[PDB]
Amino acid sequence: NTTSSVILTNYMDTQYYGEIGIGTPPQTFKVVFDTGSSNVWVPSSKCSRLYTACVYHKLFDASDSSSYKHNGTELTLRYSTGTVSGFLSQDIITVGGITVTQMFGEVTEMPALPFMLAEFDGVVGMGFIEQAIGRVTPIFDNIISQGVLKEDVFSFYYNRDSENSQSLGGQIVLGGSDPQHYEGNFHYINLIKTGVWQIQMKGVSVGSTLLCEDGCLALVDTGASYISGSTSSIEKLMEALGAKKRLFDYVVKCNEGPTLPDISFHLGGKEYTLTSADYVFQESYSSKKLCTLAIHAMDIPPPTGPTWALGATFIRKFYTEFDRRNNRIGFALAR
């Protein structure tokens, strides 16, 4: 019956990661704790240096760990934004002072796009075994097995401040939540199914409901930067906002930013509202300058998709508790 936290760094409101240690002695890695996937991977020393992303990130060297256990089963992790490929290994992983023996992917194939843009080295998947490639037991499942934690829950706080380096970029409590980072009560929404951190959504509103009328899906994805929907969902949301489409993002003229309407997500009977301040990167107030929106198109395939994904844009405003004992997600106002 103990509780434990991981200190997160916030890079520019788009990348949130903490530090883990792998092996004896610990090799440390910057990792995204991702509720939208279920595998652990770091880049590997076996990764060809022709992968520039492998030049620019910390590499796990199995030859420097005395606690490593070979497996070498190939794995390929297909994310919506890009793919990593490699092989399975087993070592001791430390995460918030919790030591666990864990199967993880040693990534030998790490595309320059998008991975050169990653501040983090790898990913710690916080999803279920059902979504785990290779049917590899996820790290939290392993920590639960130990019987150390007070509750079968984990919580995410993502800070709104990335500039002020003398502040906490984010936090993950394993085994509970932290009351210093939320307020009011938790609102609990049960999952559609076990296997995925996905909840029923019954509306996306601009200002009047104009999307997700007959119901749709919402993946709560701590590993994502943005709120995402389907290409057609986003194109209709953006037409409503007067946002011009670009190659990788949507933008308004910076001056139009504060005048943008509130966007609401109807989740578990409550209306979860984001103001323009919650979703516009107000980098300027100029009419000559384009400001990027924290909402993009992301088409996730079956069986998970098509689905909306509530990423860091959403978690910033809403402190999120992931409840594995009751298969539900709690949202409270962050502070």
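Between two forms, the rigid core is defined as the largest C-alpha subset superposing within 1.5 Å. Numbers for residues come from their place in the sequence shown, where the first is 1.
Check your understanding: Quick one: with the core lined up, is it 150-158 or 101-109 that wanders further in 9 other deposited structures of this protein, going by C-alpha RMS?
Key -> Stretch with the higher C-alpha RMS distance in 9 other deposited structures of this protein: 101-109.
Point to revise | Higher-deviation segment by CA RMS in 9 other deposited structures of this protein, core fitted, 73-81 or 130-138 | key: Higher root mean square deviation of C-alphas in 9 other deposited structures of this protein is shown by 73-81.
Practice item. Output yes if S167 is unmodelled in at least a third of the other compared entries of this protein, no if it is modelled in all of them. Key: Per the records, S167 goes unmodelled in at least a third of the other entries.
**Study point:** Unmodelled deposited residues between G207 and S208, binned
**Key:** 1 to 3 residues are missing.
Check your understanding: So which stretch wins on mean C-alpha B-factor, 279-287 or 29-37?
Key -> For C-alpha atoms only, the mean B-factor is higher in 279-287.
Review point. Looking at the entry, does 116-124 or 247-255 show the higher mean C-alpha B-factor?
Key: Averaging CA B-factors over each stretch, the winner is 247-255.
Point to revise | Of the residues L88, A240, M110, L174, the one carrying the largest Cα B-factor as recorded | key: Answer, based on the entry's C-alpha B-factors: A240.
Review point. In the PDB entry, which of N71, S225, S155, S165 has its C-alpha at the highest B-factor?
Key: If I rank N71, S225, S155, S165 by C-alpha B-factor, first place goes to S165.
Practice item. Give the position of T304 by CA B-factor within its chain, expressed as the lowest, middle or highest third. Key: Tercile = highest for this residue's CA B-factor.
Exercise for review: Name the third of the chain's ranked CA B-factors that contains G215, choosing lowest, middle or highest.
Suggested key: For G215, the deposited C-alpha B-factor lands in the highest third.
Point to revise | CA B-factor ranking of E235, expressed as a third of its chain | key: Highest third.
Check your understanding: Compared with the other modelled residues in the chain, in which third is the CA B-factor of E106?
Key -> Within its chain, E106 is a lowest-third residue by C-alpha B-factor, going by the deposited values.
Check your understanding: Sorting the chain's CA B-factors, does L293 end up in the lowest, middle or highest third?
Key -> CA B-factor rank for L293: middle third.
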